[PDB]
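A single chain, nothing else alongside it, follows as structure tokens in the form deposited in one PDB entry.
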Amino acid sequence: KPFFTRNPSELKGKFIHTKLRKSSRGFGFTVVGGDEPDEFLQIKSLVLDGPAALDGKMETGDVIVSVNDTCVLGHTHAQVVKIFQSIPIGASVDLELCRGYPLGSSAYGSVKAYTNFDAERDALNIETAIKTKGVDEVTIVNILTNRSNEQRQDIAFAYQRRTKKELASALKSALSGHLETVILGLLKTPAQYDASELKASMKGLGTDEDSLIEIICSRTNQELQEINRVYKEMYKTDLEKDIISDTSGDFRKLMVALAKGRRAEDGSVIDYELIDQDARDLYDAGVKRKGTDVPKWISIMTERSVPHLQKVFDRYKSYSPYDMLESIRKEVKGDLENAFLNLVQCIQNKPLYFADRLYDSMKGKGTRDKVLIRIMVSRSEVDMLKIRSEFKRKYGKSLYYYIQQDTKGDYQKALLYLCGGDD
């Protein structure tokens, strides 16, 4: 349960006092929370060109402590909104805000927002570590792996503002090897990281299909819209065109369909009749007949919602002697088969999917560092705790333990911080 108190003397972070004059379009910010009897009200967003943003003190996630010297900790959403609306135009409001409590963080991520966050202090310390004779990598790793992705963007902004140099460029020149790969990956936003991992996977027609498949099969609609937008910004070409240029056959049709990020959203009602019909269609399209009707498989597995397809795959076992994964291995081959196997795993149990990919990257000789690094970077704020839970349950030892055996040095220490702990 999120922390809550009605006493200001028990709040965690730092306090900001603001004075805003009401404009024609209000004070220019939105708030969330205050429905549960014990829930903070926090700043959801700030209207640009509005009083709150132009003042410069208010920030997203801040807890509203008091309004016009009345403490509003514990007050309902409706009571506080009424206070702001009753203020006439030109009158002012006095706000005390508390900065340190986060908003909208995943419950299953391993990397949490640092509470006493000071972007300027972090940039200063990173610069000192970069300029140290024989780079101080420990400080660089200790900081960046203990900050959320959003905070790393603030660190990079404060670093560029002080030194007039990009933080990623300075770290690229100071770090090397697998440690450099991890740190530079942490510095990108989730969409920037996936977009550049996708571009790298399509270096030629001899494509690292594993990486393309892994990203496109495991990303959600929301994540794929931002990837498609950011990919075109960074590389001035649509992601779909590069997939079309880099794939062929039914494998191409499947990757293009998934990358659109237009999967049907999770419905409120379970459609039991469509569940049975989809299961029969998957059976009729494959195991039941000679050959395979691949477009029917692509259509059902790319367009239906994930909760729907989980029940479809269970109902499919009623008609077919083999489950969906085994049916795929019997019906198709090559990149098409690998893509269907990854997609079905992502639908059925995405944390287990990443746990198996982590095991494969380390089990044998050496390491598939590219796979291991990308997963530890991209899932550390999504579902890393479920990935660790599935890993320890299946393999007996923790993901932490396997990372220790396969990697060494500051590289290992960074991966262990992204892991989050032993199991």
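The numbering used is simple: start at 1 and walk along the sequence shown.
What comes next is about the form deposited in another entry, which is not displayed.
Just one of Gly249, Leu103, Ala200, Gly334 is at a hinge of the rigid motion between the shown form and the other one, so which is it?
So the residue at the hinge between the shown form and the other one must be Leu103.
Any idea whether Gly61 and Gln192 get closer or farther by CA distance in the other entry, knowing it moves 3 angstroms or more?
The answer is farther, because the C-alphas of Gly61 and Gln192 separate from each other in the other entry by 3 Å or more.
Given that the shift is 3 Å or more, do the Cα atoms of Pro102 and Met384 end up closer or farther apart in the other entry than in this form?
Compared with this form, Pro102 and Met384 lie closer in the other entry.
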